[PDB]
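At position 84 of the sequence shown (counting the first as 1) the number is 84 in PDB author numbering, and the numbers step up by one without a gap. Positions of the beta carbon are idealized from the N, C-alpha and C atoms, including for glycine. Heads up: the structure comes next, in structure tokens.
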Amino acid sequence: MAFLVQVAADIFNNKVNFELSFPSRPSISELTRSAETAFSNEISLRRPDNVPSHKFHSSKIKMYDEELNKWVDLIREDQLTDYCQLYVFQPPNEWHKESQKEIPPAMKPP
């Protein structure tokens with residue numbers, strides 16, 4: 001009865017995996033406030049409260065469809081196509097060392 005979408009990110013500092021469900025309100029401003037907050041929610045938990053939690057925004061976004069089993073570009077207001085899975089890209093700041101994991105609930109850095 002419910003329609004669902006998934007959102008994730010790639011930064012050598014924060015690597016996140018989240019699950020989101022739509023009842024009867026499919027808008028695009030819905031994806032950018034959810035994903036940009038996923039990364040900022042990782043920074044705000046590490047440092048205490050009352051102090052700034054940096055400024056984080058999305059750079060390049062791609063949409064994967066498991067029906068044709070291939071990567072396609074992000075469409076707006078019609079973003080829920082056959083559930084649809086999302087991955088967000090951002091380049092390194094320091095830590096140039098290689099890493100690999102990915103599991104259904106979201107992961108925290110060591």
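Practice task
Could you please give the first and the last residue of the uninterrupted beta strand (DSSP E) stretch that includes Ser21?
Solution key: 15-22
Exercise for the section: Taking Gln85 as the reference, give the member of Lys70, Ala38, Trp95 with the closest Cα. Expected result: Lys70
Exercise for the section: Please confirm whether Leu80 and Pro26 have their CB atoms less than 8 Å apart. Expected result: For the 8 Å CB-CB criterion, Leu80 and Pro26 form a contact.
Handout entry: Distance CB(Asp78)-CB(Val72) smaller than 8 Å
Key = no
Handout entry: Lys97 at chain B interface by Cβ criterion, 8 Å
Key = The chain labelled as chain B is not found in the depicted structure, where only one protein chain is given.
Handout entry: Burial state of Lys15 (16 or more Cβ within 10 Å)
Key = For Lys15, the number of other beta carbons within 10 angstroms of its own is at least 16, and it is reported as buried.
Exercise for the section: Enumerate in chain order the residues of its own chain whose CB-to-CB distance from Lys60 is below 7 Å, with the five nearest sequence positions on each side excluded. Expected result: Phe89
Practice task
List the endpoints of the continuous alpha helix (DSSP H) containing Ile43.
Solution key: 29-46
Practice task
May I ask you to report which of helix, strand or coil DSSP gives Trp71?
Solution key: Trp71 falls in the strand class under three-state DSSP.
Problem - Nearest-angstrom beta carbon gap, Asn13 and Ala106 [assumed within contact, 8 Å] - result: Going by Cβ atoms, the distance from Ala106 to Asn13 rounds to 15 Å, so no, they are not a contact pair.
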